[PDB]
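In: sequence, then the experimental structure. Questions to follow.
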Amino acid sequence: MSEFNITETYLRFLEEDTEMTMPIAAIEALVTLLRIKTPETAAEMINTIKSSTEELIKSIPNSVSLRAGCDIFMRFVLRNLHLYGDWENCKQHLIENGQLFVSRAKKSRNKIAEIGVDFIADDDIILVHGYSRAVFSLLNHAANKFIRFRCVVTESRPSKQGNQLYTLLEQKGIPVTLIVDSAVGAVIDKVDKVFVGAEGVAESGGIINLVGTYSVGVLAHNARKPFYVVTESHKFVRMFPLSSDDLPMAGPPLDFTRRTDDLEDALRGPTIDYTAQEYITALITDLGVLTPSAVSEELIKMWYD
Amino acid sequence: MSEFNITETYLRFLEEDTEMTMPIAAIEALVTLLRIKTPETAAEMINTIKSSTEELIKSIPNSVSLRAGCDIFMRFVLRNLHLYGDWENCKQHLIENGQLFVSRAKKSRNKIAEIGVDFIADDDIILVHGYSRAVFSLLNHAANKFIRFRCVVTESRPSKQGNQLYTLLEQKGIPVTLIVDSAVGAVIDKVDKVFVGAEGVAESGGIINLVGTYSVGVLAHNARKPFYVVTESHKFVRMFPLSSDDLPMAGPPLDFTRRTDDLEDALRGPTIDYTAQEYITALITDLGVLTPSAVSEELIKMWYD
Amino acid sequence: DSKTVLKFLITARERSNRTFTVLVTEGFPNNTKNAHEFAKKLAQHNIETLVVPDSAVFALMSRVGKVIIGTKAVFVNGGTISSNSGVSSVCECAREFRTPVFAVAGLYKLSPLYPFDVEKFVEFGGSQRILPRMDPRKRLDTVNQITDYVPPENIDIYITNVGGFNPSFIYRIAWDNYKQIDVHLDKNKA
Amino acid sequence: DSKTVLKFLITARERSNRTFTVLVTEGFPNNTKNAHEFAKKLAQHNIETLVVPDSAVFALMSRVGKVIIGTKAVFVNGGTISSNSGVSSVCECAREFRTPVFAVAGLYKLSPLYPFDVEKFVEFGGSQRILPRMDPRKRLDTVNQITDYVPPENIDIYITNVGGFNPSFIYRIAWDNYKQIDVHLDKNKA
């Protein structure tokens, strides 16, 4: 007898492997939610997940990649309840689909590595920023193809992830430097291509991942380099700003409260930025390469109704 | 019997007070060099400092604010030997000038605080970056005038200085946040003015101070905010690039050598950037406020001959 | 409201017999006194002229590739203190189309001072001629402005009596006419 | 070398009786075969035409505020595969003056593929007609180019048979004509 909310199902398998990421872990928790708890009626099933997704937003309010996972699972079970099976087969007809994304969204990243080959060409110095793991699997395919390139890793401050990526692919055997994020503007002229990855895509095409992907994006547009971004086909959320201000973590990005005893002072600003359509130029899906205008329409094609 | 080269005169008084800064400490060492060691002849006096300045560049090769101090001291003693006193009075006529800069260049910063008042106006949120101490003395005058404003401190990574400035003026009593340098691009729209300070001014107007003053400068030009910079009238060097590549610390900004045992990996990129005339809009001298074209001509008015 | 270009475009048609036209907007509602006076005297010297409204000046900016601005005063940045109203944003709209922006200024129109605050030199006007109803009970608020300021990035040249000059060169003409002591023109030499 | 605008500007003068001119440069040294052929037939239909050299096209770009480009093929980005030579940098020089950049393309000139490498579609030419001396002992090197590519940021519209379209809308016309399987047109479905 589980409850699927916090850790009695969900945070079990987040300590199982750091190959599954946050939103499909919620998708893995949401598909097994109605699988065991199948209350033989179409009404309270969706009322179970509306209780369960809204407390899951309440569980971690500042991991809005989960909110994209909370978004499209409702978009999954809506059309899966469509084809009009009167809930008779649609109990089984949903769970015979069932384990799709643990067989399909797990193979997002290698399918990204199938079609993201011909971006990193011969002798491209590559600017990466933040642990967006689809980039590394694209770089895993690049080392396994023995195609020639180099790599440059920025910081990820304060999220520390840039120190991991230097250790992650030096053992793989790529010539690489870790650079500070402060030294982007004096180095970007030698840099030719640049790869990042969003935690979620907004309505105009959003980069809702890290602290300064918009900073390195607006550098690259004045450098006039193709600012690519690597993601997959389950990373879409309706949450869409008008400025570069999303929901913050807890407070406004200009706090002026004081240090009580020894409180952290680098952690006063934001941790999530926003980039509109203007500064990206292409992105990757499991559907294929995608222009920043088509990422608006496919995020609206089944979203208005 | 001293030798004035490394620490037998120079590095004595750099542990005396952290109010004197690096170039005038070299100026303090250079004026006391020929003061005691006055070898009664105009020839080997300048040959003494040409020996002494070039080993001082050799002493610390990567503190090129000292090189600006090594630059203009020769420009001091040249015209001070001019007025044509046949070296007869010009021994005394130099040392009666003598202690000028320990009485005048020490009062650079308060004179900056005399005329840099009417930049920080009523309710200006201020973006600062790096310990350029003339800014804080301008901010010291701002708190002592009880003019109304706020403050935002960035990082200074890896040079750590942003953690000092938060502690330095919170005790002074200013509402302030420390922000990461990664979160500049998502916050700069609310920011109105921005203050930095160079270790030296190049021929077109150079910002040769820190790691990412060019990064925050190119942000502010797209934000279309007046990118001011605070320095003084003894911070000029002939050293002038064509790109944003100066002399580096020891190697090129894209190294690809590997980690032997545990070597530092944030310290692989540069520590000094460059900004041309395009991204600054005004600067402060002891002579007055100065446009970025006049800082070219005064750096050439006594420099061609 | 620039008697320079009012006098200049007479002989710019007369001696040099170049034919062209001038669009002219209004300084609403203040230089529209003189804006209707301006093109009428140019209609006497018949330089194909036509009056545009202030709202239309973006919609015809794609056609025109040259603008001249008769300013009132000019500071050390090359940011000039212009005439009454409407001229700053259209100087901005000109700059966005990569259109050269001209200005005329006498040598005595120079000023050795710095624009510290833009708003301490931007003078406003009255609530009278911007709405005349004067409601005391509804009583909304409204803003006039009888000074526009432009940055030197939006300007290109200074047609002066001693030549055309960069927006950043303005100090060297000024410091050949002014000194560093009396720019802080005050008895308290603090 | 665009038979579209060769045929189009006939009836753009004939039915619509608009009078104008066209500047025309050469695709040196390759479309200059047809560049002298192009304005001559337009001199028959007498649209005030004049031939410019390739170096002069910046110096007269300040006057002209509209350019049309007859392309050869077009991909999914809105970056189009143009005609032979010289047309990319002048499309860049047009974009810098904030000048609208036109293009014409049939619906069959669409292509559902992506420009992964620009250089795998930029085809070059010969060392013959770019210098004819053929030195074997001095023997310098020289580069020809018979394909130019432009980014979609340098283009504005697609005058097609089914309307004018955004540079970023090009997928929706294309995916109403093509499918996701045969864009990877290869027997190995890896």
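Out: On my side now, so go ahead. Numbers count the residues shown, from 1 in each chain, chains lettered A, B, ... in the order given.
In: would you list every one of the helices in the stretch 1-150 of chain A?
Out: A:22-36, A:42-59, A:65-81, A:90-97, A:108-115, A:133-145 (DSSP state H, counting those that start in this stretch).
In: need these in TSV (columns: mean neighbour count and distance to chain D).
Out: Every C-beta, even on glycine, is put in place using the N, C-alpha and C of the backbone. As requested, those are arranged in TSV below (neighbours: other Cβ atoms under 10 Å in any protein chain shown; distance: least, Cβ to the nearest Cβ, whole Å):
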stretch	mean neighbour count	distance to chain D
helix A:22-36	21	23
helix A:42-59	15	31
helix A:65-81	19	19
helix A:90-97	15	21
helix A:108-115	20	7
helix A:133-145	19	12
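In: got CSV for those helices, with distance to chain B too?
Out: Below are those laid out as CSV (distance: least, Cβ to the nearest Cβ, whole Å):
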stretch, distance to chain B
helix A:22-36, 21
helix A:42-59, 22
helix A:65-81, 18
helix A:90-97, 39
helix A:108-115, 24
helix A:133-145, 15
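In: the residue sitting furthest away from the middle of chain C sits in which helix or strand?
Out: Largest separation from the mean C-alpha position in chain C: residue C:137, at 37.5 Å (Cα atoms, centre = their mean). Using DSSP states H and E, residue C:137 maps to neither a helix nor a strand.
In: dihedrals phi and psi, it?
Out: Backbone torsions for residue C:137, taken as degrees, to the nearest 10, come to phi -110, psi -50.
In: do the same with residue C:57
Out: Phi and psi for residue C:57, reported as degrees, to the nearest 10, are phi -80, psi -20.
In: quick one: the strands in the stretch 151-300 of chain A?
Out: Applying DSSP state E, counting those that start in this stretch to the stretch 151-300 of chain A gives strands spanning A:176-178, A:193-196, A:227-230, A:282-284, A:289-290.
In: so for chain B, which of those strands sits nearest?
Out: strand A:176-178 (4.4 Å; Cβ to the nearest Cβ).
In: if we can go back for a sec, distance to residue B:293 added to the helices of the stretch 1-150 of chain A, as a markdown table?
Out: As requested, the helices of the stretch 1-150 of chain A are arranged in a markdown table below (distance: least, Cβ to Cβ, whole Å):
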| stretch | distance to residue B:293 |
| --- | --- |
| helix A:22-36 | 53 |
| helix A:42-59 | 55 |
| helix A:65-81 | 49 |
| helix A:90-97 | 69 |
| helix A:108-115 | 50 |
| helix A:133-145 | 44 |
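In: quick one: closest of these to residue D:44.
Out: Smallest distance to residue D:44 across the helices of the stretch 1-150 of chain A (Cβ to Cβ): 51.2 Å, for helix A:108-115.
In: ok and that closest one relative to helix A:133-145, angle-wise?
Out: Angle, helix A:108-115 to helix A:133-145, by axes from the mean of the first three to the mean of the last three Cα atoms, to 10 degrees: 50 degrees.
In: please name the residues that touch residue 118.
Out: Assuming you mean chain A. Taking Cβ atoms under 8 Å, 6 or more residues apart in numbering or on different chains, we find residue A:118 in contact with D:116-117.
In: sorry, I should have been clearer: chain C.
Out: Residues near residue C:118 by Cβ under 8 Å, 6+ apart: residue C:149.
In: in chain C, which spans are helices?
Out: With DSSP state H as the criterion, chain C has helices at C:3-14, C:32-44, C:87-96, C:170-174.
In: just name the most buried of those.
Out: Mean neighbour count (mean count of other Cβ atoms under 10 Å in any protein chain shown) peaks for helix C:170-174 among the helices of chain C, with a mean of 20.
In: restricting to C-alpha, output that one in CSV.
Out: Presented in CSV, the C-alpha positions along helix C:170-174 are these (Å, rounded to 0.1, in the frame of the first residue of the first chain):
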residue,chain,number,x,y,z
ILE,C,170,33.5,68.0,-28.8
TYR,C,171,36.0,68.5,-25.9
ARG,C,172,38.9,69.7,-28.0
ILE,C,173,36.9,72.5,-29.6
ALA,C,174,35.5,73.3,-26.1
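In: off-centre distance for it?
Out: Relative to its chain's centre, helix C:170-174 lies at 20 Å (Cα atoms, centre = their mean, to the nearest Å).
In: and residue A:117, how far is that from residue D:117?
Out: Computed as Cβ to Cβ, to the nearest Å, the residue A:117 to residue D:117 distance reads 12 Å.
In: what does the stretch 151-300 of chain A have sitting close to chain D?
Out: Counting by Cβ under 8 Å from any Cβ of the partner chain, the stretch 151-300 of chain A comes close to chain D at A:282, A:287-289, A:291-294, A:297.
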